[PDB]
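Residues in the sequence shown are numbered consecutively from 228, following the numbering used here.
All C-beta atoms, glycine included, are put in the ideal place defined by N, C-alpha and C.
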Amino acid sequence: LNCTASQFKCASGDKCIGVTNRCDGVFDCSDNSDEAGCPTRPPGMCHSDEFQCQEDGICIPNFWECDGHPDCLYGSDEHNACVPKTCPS
């Protein structure tokens, strides 16, 4: 018998782990079918959701960009070109 859609049916079929553990960085079931299809695709550039810092390229969440805090090595996340409004209220 099958399992719920929330339970990712592993290609092995041994364990029907949840989709929350599908591509979660953890080999939950056999053959790593949960993590086999991980579309990280970092071709030297960070993922779309993660801002790539200018000086070093270290990936940070895009929310950290122009967040009022120099998360970057040189604060390129708070780059002068941004001029964010960043209303405290």
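CB contact flag (residue i, residue j, <8 Å)
i      : j      : result
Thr313 : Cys299 : no
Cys250 : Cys243 : no
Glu282 : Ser303 : yes
Cβ-based burial, residue i [other Cβ within 10 Å; buried from 16]
i      : result
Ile285 : exposed
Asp241 : exposed
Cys265 : exposed
Integer-rounded CB distance, given that residue j should sit under 8 Å from residue i
i      : j      : result
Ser257 : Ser239 : 4 Å
Cut-off 8 Å between Cβ atoms - residues of its own chain near residue i, not counting five sequence neighbours on either side
i      : result
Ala232 : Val246
Cβ neighbours of residue i in the same chain (closer than 6 Å, five flanking residues each side left out)
i      : result
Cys309 : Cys293
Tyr301 : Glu282
Neighbourhood of residue i by C-beta distance below 7 Å, restricted to the same chain and skipping five residues each side
i      : result
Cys230 : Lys236, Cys243
>> Which complete alpha helix (DSSP H) runs does the segment 238-303 hold, if anything under 4 residues is left out?
In response: 260-263
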